[PDB]
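Chain A is the first sequence line, chain B the second, and so forth, proteins listed ahead of strands; every chain is numbered from 1. Both backbone and side-chain heavy atoms feed into the values below; hydrogens, waters and symmetry mates do not.
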Amino acid sequence: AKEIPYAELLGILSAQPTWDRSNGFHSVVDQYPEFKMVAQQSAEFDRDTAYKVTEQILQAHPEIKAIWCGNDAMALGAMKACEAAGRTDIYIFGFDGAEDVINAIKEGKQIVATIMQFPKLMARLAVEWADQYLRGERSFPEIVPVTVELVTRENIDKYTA
Amino acid sequence: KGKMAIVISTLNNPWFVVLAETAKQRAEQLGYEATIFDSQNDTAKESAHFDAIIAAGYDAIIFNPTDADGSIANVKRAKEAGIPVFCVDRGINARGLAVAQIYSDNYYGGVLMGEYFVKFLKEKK
């Protein structure tokens, strides 16, 4: 494919994670000119809004081969909209590691990747650091990013074991 | 010995349920009592909970703010009360109030997905 058209579902336009995720994605993808983003629209990090937007996108740009979604709720809506149109050929990519996307990936639906967050680890970290603090510790960074991992069809068994 | 308040922005979705029950469980594994306070996406309800939490003499707050601006006043009141605040998942648009603000690396994850986007679709083409 000399050109590969795709669409992007943004999260809520006013929320910074929308743009940290989108700008992270585009910092790589844009250096490959065969990828052409032919549609870009918010679906408000929401499943049912993503269905309605993807539905509009599919009747406007049927030439797309992929849809990148700022979160998994949005990828799930895009999938249900693709299946309703018969567009089972479209590859969908998400972000969060939601159980429903994980199950869709391992069962071979058209969602093929997501980004795993570790919310249990960050909730436990806040508790562990509170404990350390009440025990006397005062040396903590204020801004604490917790890392993430790519989830694919090729490593999905690491995330369902 | 002591108690922590688990102040969650909502419980209307499984993501926040997981955060809340996990923090409560971990606090109890580490020897603390813990209680979950649901703000129901309402900063007024969050503030009322902070009032109760301060009045009850809690030792630390594990905080998932309803609003990065609207919740600053509440962390400010906990600070003035002497109660440390640890933010999880959502943060506040102020520095030097919460002891720590713990969040997921969204930009890094965006970089990882862009790489696989190109690889996967370059193979399939």
Which pair of non-hydrogen atoms, one from [X] and one from [Y], has the smallest distance, and what is that distance?
X: B:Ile62; Y: A:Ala126; value: CD1-O, 3.7 Å
X: B:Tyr116; Y: A:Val112; value: CE2-O, 4.2 Å
X: A:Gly94; Y: B:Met113; value: O-CE, 3.2 Å
X: B:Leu121; Y: A:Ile4; value: CB-CD1, 3.5 Å
X: A:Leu134; Y: B:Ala60; value: CD1-CB, 4.3 Å
X: A:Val144; Y: B:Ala100; value: CG2-CB, 4.2 Å

List the steps and the verdict of side-chain contact (heavy atoms from CB on, under 4.5 Å) for B:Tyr107 and A:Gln16.
CA-CA 10 Å; B:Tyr107 194 85; A:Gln16 204 183 311; over 6 Å; no

Using heavy-atom distances under 4.5 Å, tell me whether A:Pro17 contacts chain B through its side chain, its backbone, both, or neither.
both

So, the side chain of A:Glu142 versus the backbone of B:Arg95: is there a donor-acceptor pair under 3.5 Å, distance only?
no

For A:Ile115 and B:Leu112, what are the C-alpha separation, side-chain angles and deciding distance, and is it a side-chain contact (heavy atoms from CB on, under 4.5 Å)?
CA-CA 8 Å; A:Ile115 298 295; B:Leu112 310 166; 4.0 Å; yes

Between B:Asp89 and A:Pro119, is there a side-chain heavy-atom distance shorter than 4.5 Å?
no

Just how far is it from atom [atom1] of [X] to atom [atom2] of [Y], taken to the nearest 0.5 Å?
X: B:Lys124; Y: A:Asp89; atom1: NZ; atom2: CG; result: 13.0 Å
X: A:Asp131; Y: B:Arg26; atom1: CG; atom2: CZ; result: 8.5 Å
X: B:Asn106; Y: A:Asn23; atom1: CG; atom2: CG; result: 11.5 Å
X: B:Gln29; Y: A:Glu128; atom1: CD; atom2: CD; result: 9.0 Å
X: A:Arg21; Y: B:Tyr108; atom1: CZ; atom2: OH; result: 15.0 Å
X: A:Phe25; Y: B:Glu115; atom1: CZ; atom2: CD; result: 11.5 Å

Does the side-chain contact (heavy atoms from CB on, under 4.5 Å) test come out yes or no for B:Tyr103 and A:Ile143, once each step is laid out?
CA-CA 8 Å; B:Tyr103 67 101; A:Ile143 301 298; 3.5 Å; yes

If two hydrophobic side chains count as joined below 4.5 Å and joins carry through other members, does [X] share a cluster with [Y]?
X: A:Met37; Y: A:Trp19; answer: no
X: A:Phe45; Y: A:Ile67; answer: yes
X: B:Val99; Y: B:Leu19; answer: yes
X: B:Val18; Y: A:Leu76; answer: no
X: A:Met79; Y: A:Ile156; answer: yes

Sole residue of A:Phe95, A:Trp68, A:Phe35 in ring-ring contact (aromatic ring centres under 6.0 Å, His included) with B:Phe117:
A:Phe35

Could you have a look at A:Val127, A:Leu121, A:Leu125, A:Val28 and say which one has the most heavy-atom pairs with chain B under 4.5 angstrom?
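Counting heavy-atom pairs under 4.5 Å, the top option is A:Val127.
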
So which of A:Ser22, A:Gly70, A:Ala113 has the largest heavy-atom pair count under 4.5 angstrom toward chain B?
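Max contact count across the listed options: A:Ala113.
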
Measure B:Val88 against the heavy atoms of chain A and call it side chain, backbone, both or neither at under 4.5 Å.
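Contact with chain A: side chain only.
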
Apply side-chain contact (heavy atoms from CB on, under 4.5 Å) to residues B:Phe120 and A:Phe93 and explain how you reach the verdict.
CA-CA 10 Å; B:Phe120 185 93; A:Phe93 308 70; 4.0 Å; yes

